[PDB]
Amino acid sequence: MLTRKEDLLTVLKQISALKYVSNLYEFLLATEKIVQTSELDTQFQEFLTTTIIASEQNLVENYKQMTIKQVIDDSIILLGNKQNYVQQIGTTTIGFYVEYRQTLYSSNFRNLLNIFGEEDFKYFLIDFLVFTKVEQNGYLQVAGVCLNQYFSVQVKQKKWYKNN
């Protein structure tokens, strides 16, 4: 469920498998998808700086330089048989069809789709764990391999009464 920023960050820095962690704004800058002077609404700009993303490797060079619903469906289809991605939750995939994300449909992500371009956006949701600020110091993962999949590997524990 919802997580506090400092908790998300401490968990993320502890996971050695995730070598890359940044806020979205800086990633878009490094990949040159946007530049310092790009015209950005304050809401969207606040969305870029508060959104946190993580990947196993540094994919900046890889990302250098249609409805949102459709792009997301295609993205999910690209997952193949892989499992445990946030976007797959409560989803069933059969061939090119997906049946059954509220945040991913927002204007923020639609603007993100237009800046990334169709192809890169599709892979973005796969290569990155994406955490968005839902409320005051309240983060939610909206895409990528479920964080729990990594914590579990980093900190392997058989049994416990509870560990949120």
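The numbering used is simple: start at 1 and walk along the sequence shown.
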Quiz item: From residue 65 on to residue 66, does the model leave out none, 1 to 3, 4 to 9, or 10 or more residues of the deposited sequence?
Solution: 4 to 9
Quiz prompt | Chain break class for residue 100 to residue 101, judged by how many deposited residues have no coordinates | solution = 4 to 9
Quiz item: Between 125-133 and 66-74, which has the higher average C-alpha B-factor in the PDB entry?
Solution: 66-74
Quiz item: Given the B-factors recorded for C-alpha atoms, which segment has the greater mean, 34-42 or 108-116?
Solution: 34-42
Quiz item: Based on the entry's values, in what third of the chain does the Cα temperature factor of residue 145 lie: lowest, middle or highest?
Solution: lowest
Self-check item: residue 14 - which third its CA temperature factor falls in, relative to the rest of the chain
Solution: middle
